[PDB]
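What follows is a short report on a single structure.
Within every chain, numbering begins at 1; the chains are lettered A, B, ... in the order of the sequence lines, protein sequences first and strands thereafter. Hydrogens, waters and symmetry mates are skipped; everything else that's a heavy atom, side chains included, is used.
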Amino acid sequence: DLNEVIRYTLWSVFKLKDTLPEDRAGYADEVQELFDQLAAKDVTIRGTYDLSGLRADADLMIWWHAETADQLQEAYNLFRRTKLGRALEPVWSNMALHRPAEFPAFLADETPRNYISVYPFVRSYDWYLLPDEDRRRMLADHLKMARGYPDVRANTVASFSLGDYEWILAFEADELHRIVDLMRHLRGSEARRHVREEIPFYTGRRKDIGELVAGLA
Amino acid sequence: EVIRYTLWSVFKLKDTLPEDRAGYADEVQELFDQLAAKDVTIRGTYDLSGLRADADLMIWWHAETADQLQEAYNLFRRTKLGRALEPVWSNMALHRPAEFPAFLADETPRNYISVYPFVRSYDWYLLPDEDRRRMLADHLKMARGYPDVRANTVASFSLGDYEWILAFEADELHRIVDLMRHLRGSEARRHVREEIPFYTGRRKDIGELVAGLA
Amino acid sequence: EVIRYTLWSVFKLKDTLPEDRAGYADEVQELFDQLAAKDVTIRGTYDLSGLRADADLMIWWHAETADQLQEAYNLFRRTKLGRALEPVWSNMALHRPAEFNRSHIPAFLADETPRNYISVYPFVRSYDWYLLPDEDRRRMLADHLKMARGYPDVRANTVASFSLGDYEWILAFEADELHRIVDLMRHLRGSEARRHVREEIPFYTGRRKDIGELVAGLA
Amino acid sequence: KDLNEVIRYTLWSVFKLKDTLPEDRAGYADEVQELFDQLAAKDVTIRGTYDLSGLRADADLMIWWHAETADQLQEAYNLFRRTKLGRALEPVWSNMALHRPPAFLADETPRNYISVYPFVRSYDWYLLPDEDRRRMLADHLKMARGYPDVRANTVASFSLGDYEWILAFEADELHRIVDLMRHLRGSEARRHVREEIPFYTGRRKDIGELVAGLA
Amino acid sequence: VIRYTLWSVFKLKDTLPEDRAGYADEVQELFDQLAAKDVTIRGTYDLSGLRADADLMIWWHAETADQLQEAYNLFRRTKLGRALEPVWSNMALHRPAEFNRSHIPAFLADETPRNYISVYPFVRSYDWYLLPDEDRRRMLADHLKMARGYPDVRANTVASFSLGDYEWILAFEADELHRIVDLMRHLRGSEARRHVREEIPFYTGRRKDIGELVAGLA
């Protein structure tokens with residue numbers, strides 16, 4: 001059903017060039033105004049996240065999605081023209097596209113969650129060549145191992161050929177330690193034998209842009 | 001016979017372009033026009049911004065000699081736009097006969113591009129000829145469902161850090177994604193060492209491209 | 001089962017501090033005092049300089065929530081000292097239940113007595129480690145404890161960091177004699193768990209110092 | 001046998017533009033040529049200067065120089081960095097090798113193009129039975145015989161830097177270097193390789209034309 | 001018996017002044033003041049040209065890590081220090097060998113000057129310290145035997161576990177640079193080469209007095 005709708009999704013991570021000015025009046029309002037105008041074009045900002053402290057080279061993440069990649073490219077450059085954007089250096093910006101699963105929470109469920117963890121993913125070279133039953137069993141068993149974490153909202157979106165990775169993953173939860181515990185628990189899944197890359201991790205706190213701007217150095 | 005070198009040059013903004021960027025695109029378009037008189041072809045300029053944090057612009061250009069493309073590259077870096085950009089990745093390749101090119105036979109424009117380098121496993125070129133022939137033929141068979149994606153694979157041994165540069169051009173971006181996902185099922189995936197960075201973006205005329213960058 | 005987030009934040013000098021650095025340390029100590037009043041604990045500040053070309057200072061701070069540590073981090077970056085520094089590596093973790101013991105208090109909350117030196121590094125196990133039969137992992141973890149019994153003067157901290165950053169665990173070792181940390185690490189190269197390691201760098205090692213003497217001694 | 005007894009250190013130094021050379025760059029090339037002339041009088045040979053621009057984003061210029069001692073090449077390197085051209089450049093990669101038991105001593109005839117890269121063999125390569133190493137180095141020689149127009153240099157660099165060998169290929173037709181390298185992918189020695197990048201490929205140019213053509 | 005040793009590598013931010021009078025004198029006076037406090041500067045080395053991202057290395061050692069940290073920061077306040085960017089600085093100390101009873105590191109026993117140096121860090125394979133003791137003893141004995149043809153290359157092996165990213169820092173001092181090259185090539189035939197994970201960066205250069213070193217840098 002919702003697999004026939006096309007939705008590109010972009011996670012854009014920035015770090016402070018140094019700090020924001022002591023007088024940062026208008027910084028958040030300008031960005032909120034941009035986000036409001038993007039919403040008129042059905043470009044959705046799902047959240048802005050404070051990453052500072054949890055990573056030395058990242059401070060802010062924007063999660064935005066739209067029907068086309070071009071809309072998100074325009075949004076990205078318009079953000080970089082804001083006063084806040086001009087105080088930031090781009091760090092990591094990766095797009096993904098909802099594709100039908102072989103055997104999406106952000107489109108079905110918009111209720112806010114306090115924390116997020118985002119990371120890219122690359123499977124082993126053998127993974128897509130395995131017998132269909134191997135991959136089906138392993139993807140099924142990781143679902144069963146995740147059933148104890150219904151409070152963690154999981155997104156896994158295809159990114160082949162949009163960048164350096166195969167999937168981008170995003171986990172949303174109201175309690176940060178539940179993301180930690182989920183990830184630790186899934187280390188016991190057999191699919192862990194078929195992983196090549198899963199960093200960088202960008203983890204932080206969802207905040208409204210006003211509070212986000214006020215809190216950054 | 002027909003020697004053609006092909007170069008993909010990727011740049012990122014030093015910061016942003018000035019608010020008043022009048023003449024930035026015109027100067028570059030004038031340069032591309034003069035290069036055309038020298039049979040240096042700009043196949044396209046592409047907006048990479050947003051899809052990568054450390055890249056904003058790609059130029060795909062080709063010529064009969066590498067020297068012509070080096071000259072073109074330096075002339076571009078002297079333009080106002082070139083002086084607002086930092087070089088990120090610039091890699092040349094050369095059309096060579098296949099063991100067992102669409103960018104020269106087909107010039108019709110496509111909306112989107114994906115460019116990435118490629119390095120095979122150490123033993124790939126040592127496998128029995130029939131093994132390579134079989135896997136290369138089977139990846140052709142698997143790509144049959146995507147005739148709307150125009151593929152180029154160009155040899156780059158000794159021109160840089162890689163063995164091949166690949167470029168995929170399509171009017172619908174999701175078709176490039178779907179092709180790449182589908183070819184993950186080819187046995188040739190067992191003989192791969194490197195395939196990044198990926199540079200994917202939207203083909204734009206230089207005026208619109210310059211206007212849209214931060 | 002009490003949640004405590006712990007953060008190690010590493011910085012390097014942009015250049016040097018000014019010849020006149022009056023009030024640099026005082027401003028930071030005042031911030032640390034205000035944070036302590038809000039139950040944000042600065043366990044230590046450490047001089048890393050010289051032992052690493054790209055690091056000079058580390059702060060170990062911990063609190064009930066990640067958010068409190070994010071606020072502390074940004075407030076530190078606003079100090080004069082903070083504005084003279086470039087962030088290098090900042091990684092958070094928290095104690096979670098061990099697989100094979102019933103301890104629920106991490107060592108750093110149980111023992112806060114001061115130690116002269118520290119070594120901090122992240123850790124990532126082999127892909128197969130958590131897939132091994134339980135008894136194998138139990139045995140190898142038991143053996144690394146047994147091999148560490150000759151080093152009771154090295155205080156060890158093991159805290160989970162899955163999904164908070166690029167790693168699985170953050171480890172910290174606190175000792176009054178720096179060579180005892182070296183000798184411990186060398187000795188544990190004989191543990192079979194070494195066959196199940198993927199990543200364990202960067203190492204940030206240095207001398208615990210009061211912020212006044214730390215600021216005075218930096219270039 | 002006057003070949004593998006004469007001592008010769010060889011250095012490949014790669015630079016990139018900090019940004020761009022000035023529009024008025026008169027005297028830049030002449031100052032460098034004057035230095036090269038003074039170095040030749042001290043038996044420091046500049047085998048070539050090469051335009052790498054465009055073929056790599058982080059490289060514009062390479063100098064290949066060689067001398068009887070490493071110290072002479074260190075002096076040459078620093079003197080170049082004091083020229084106006086040198087002060088407009090940032091060092092990128094500079095690696096020395098030492099001729100141990102090469103055509104850069106037997107053949108001075110210019111060639112239009114160069115490809116330079118470092119090399120590290122598998123950990124067990126030097127532990128293989130001598131027959132295996134003899135066979136593979138011999139077969140790889142056989143595979144290169146169709147490319148006599150490509151001049152090959154392989155120079156030991158153990159302990160001078162991060163590598164085991166530095167390789168340099170010189171040819172008048174750039175496509176012949178490409179074709180040689182592709183052909184040698186069929187050599188058994190390819191099973192015993194750990195590292196072979198960065199590649200620095202470019203066009204040999206006199207310093208005047210090189211300086212005029214850089215951004 | 002405890003002696004920490006530190007190798008600190010720097011690169012020029014750009015160049016030194018054309019008139020750099022006083023640069024070397026200030027550093028030499030710092031070295032003299034440090035020697036009065038039993039902080040030894042074993043050598044300063046010109047790395048330039050042999051590496052694009054390094055120009056100067058200092059080998060210094062002292063009874064405590066803290067003394068070397070102070071020395072490092074004091075050097076960074078000199079005019080020369082302020083013209084340099086730190087690149088790589090790694091500390092180590094001699095610890096008892098597994099299979100010999102020597103307790104004095106070579107660098108404390110022999111300080112006669114040598115023209116050239118090669119310094120690099122080292123990390124063994126994950127299984128190396130898990131091998132049967134006899135296998136490790138045999139391979140270490142064989143690498144000593146293969147080095148017997150190079151008595152003119154002075155070797156130091158110091159432990160660096162937990163002080164940085166490595167297990168050992170190695171230093172080789174010789175009057176003829178080609179002898180270091182030849183030693184390393186020869187030891188590629190040792191069985192211990194099957195048990196290596198990391199051995200770069202290599203910092204190789206010429207020992208110089210600080211005056212001539214400063215004079216020769218760009």
Side-chain angles (χ1 to χ4, degrees), chain C residues 51 98 100-101 107 111 115-126 129 136-158 169-206, chain E residues 1-5 65 90-103 105 121-140 157-170 192 195-198:
Chain C
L51 277 81
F100 304 113
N101 76 52
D111 179 14
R115 297 289 172 86
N116 293 324
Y117 298 93
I118 199 170
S119 184
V120 171
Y121 58 103
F123 207 83
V124 179
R125 288 282 185 202
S126 61
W129 168 255
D136 293 321
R137 208 158 46 260
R138 191 211 62 79
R139 173 186 71 258
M140 304 197 254
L141 286 170
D143 280 346
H144 102 292
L145 304 191
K146 172 169 177 194
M147 296 183 75
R149 278 175 195 153
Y151 298 86
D153 52 311
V154 181
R155 181 164 66 210
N157 307 266
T158 296
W169 308 92
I170 309 292
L171 307 177
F173 298 88
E174 300 167 280
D176 279 337
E177 298 190 287
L178 179 56
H179 74 273
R180 293 287 289 169
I181 302 180
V182 181
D183 289 343
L184 167 69
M185 303 294 320
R186 180 179 183 204
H187 188 61
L188 264 51
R189 290 298 203 257
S191 69
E192 290 294 335
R194 295 300 301 171
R195 299 185 189 277
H196 304 278
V197 177
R198 273 195 296 140
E199 193 184 19
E200 67 202 313
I201 64 178
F203 281 75
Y204 293 113
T205 296
Chain E
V1 55
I2 297 284
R3 192 82 178 175
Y4 288 88
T5 172
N90 276 90
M91 195 180 282
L93 79 167
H94 185 270
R95 308 305 303 127
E98 196 170 2
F99 303 114
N100 74 58
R101 307 180 164 246
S102 174
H103 301 311
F122 208 79
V123 179
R124 288 279 183 205
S125 61
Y126 288 114
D127 67 359
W128 169 254
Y129 309 96
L130 292 169
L131 299 173
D133 288 358
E134 172 59 26
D135 290 322
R136 203 158 48 260
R137 183 215 63 78
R138 175 195 68 253
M139 290 184 267
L140 287 168
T157 305
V158 281
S160 65
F161 305 88
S162 212
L163 301 188
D165 291 353
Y166 312 109
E167 295 177 347
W168 309 93
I169 312 295
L170 311 178
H195 304 282
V196 179
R197 276 197 290 143
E198 182 173 31

Counterpart residues, side-chain hydrogen bond (donor to acceptor under 3.5 Å, both in side chains), relative to [X] (two or more places apart):
{"X": "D153(C)", "answer": "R180(C)"}
{"X": "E200(C)", "answer": "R194(C)"}
{"X": "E192(C)", "answer": "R195(C)"}
{"X": "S125(E)", "answer": "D127(E)"}

Quick one: pull up [atom1] in [X] and [atom2] in [Y] and give me the separation to the nearest 0.5 Å.
{"X": "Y166(E)", "Y": "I201(C)", "atom1": "OH", "atom2": "CD1", "answer": "7.5 Å"}
{"X": "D165(E)", "Y": "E198(E)", "atom1": "CG", "atom2": "CD", "answer": "7.5 Å"}
{"X": "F161(E)", "Y": "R189(C)", "atom1": "CZ", "atom2": "CZ", "answer": "5.5 Å"}
{"X": "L51(C)", "Y": "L178(C)", "atom1": "CG", "atom2": "CG", "answer": "7.0 Å"}
{"X": "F123(C)", "Y": "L171(C)", "atom1": "CZ", "atom2": "CG", "answer": "6.5 Å"}
{"X": "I118(C)", "Y": "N157(C)", "atom1": "CD1", "atom2": "CG", "answer": "7.5 Å"}

Contacts of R136(E) that satisfy salt bridge (charged side-chain N to carboxylate O under 4.0 Å, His left out) - sequence neighbours left out: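 If we apply the salt bridge (charged side-chain N to carboxylate O under 4.0 Å, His left out) test to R136(E), skipping adjacent residues, the hits are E98(E), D133(E).
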
Under the salt bridge (charged side-chain N to carboxylate O under 4.0 Å, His left out) test, which residues partner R125(C), sequence neighbours left out?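 Once residues adjacent in sequence are excluded, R125(C) has no partner under the salt bridge (charged side-chain N to carboxylate O under 4.0 Å, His left out) criterion.
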
On a heavy-atom basis, which atom in [X] and which in [Y] lie closest, and how many Å separate them?
{"X": "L93(E)", "Y": "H179(C)", "answer": "CD1-CB, 3.8 Å"}
{"X": "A159(E)", "Y": "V182(C)", "answer": "CB-CG1, 4.4 Å"}
{"X": "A65(E)", "Y": "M91(E)", "answer": "CB-SD, 3.5 Å"}
{"X": "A107(C)", "Y": "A156(C)", "answer": "CB-O, 3.4 Å"}

For [X], ring-ring contact (aromatic ring centres under 6.0 Å, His included) partners two or more places apart:
{"X": "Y4(E)", "value": "none"}
{"X": "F203(C)", "value": "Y121(C)"}
{"X": "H195(E)", "value": "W128(E)"}

Is any side-chain heavy atom of [X] closer than 4.5 Å to a side-chain heavy atom of [Y]?
{"X": "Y151(C)", "Y": "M185(C)", "answer": "no"}
{"X": "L184(C)", "Y": "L188(C)", "answer": "yes"}
{"X": "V120(C)", "Y": "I170(C)", "answer": "yes"}
{"X": "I2(E)", "Y": "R95(E)", "answer": "yes"}

Using atom types as modelled and distance alone, determine if a side-chain donor or acceptor of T205(C) lies under 3.5 Å from a backbone N or O of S162(E).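 It does hold such a pair.
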
I'd like to check the side chain to side chain contact (heavy atoms under 4.5 Å, CB included) partners of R139(C); sequence neighbours left out, ordered by chain and number. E135(C), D136(C), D143(C)

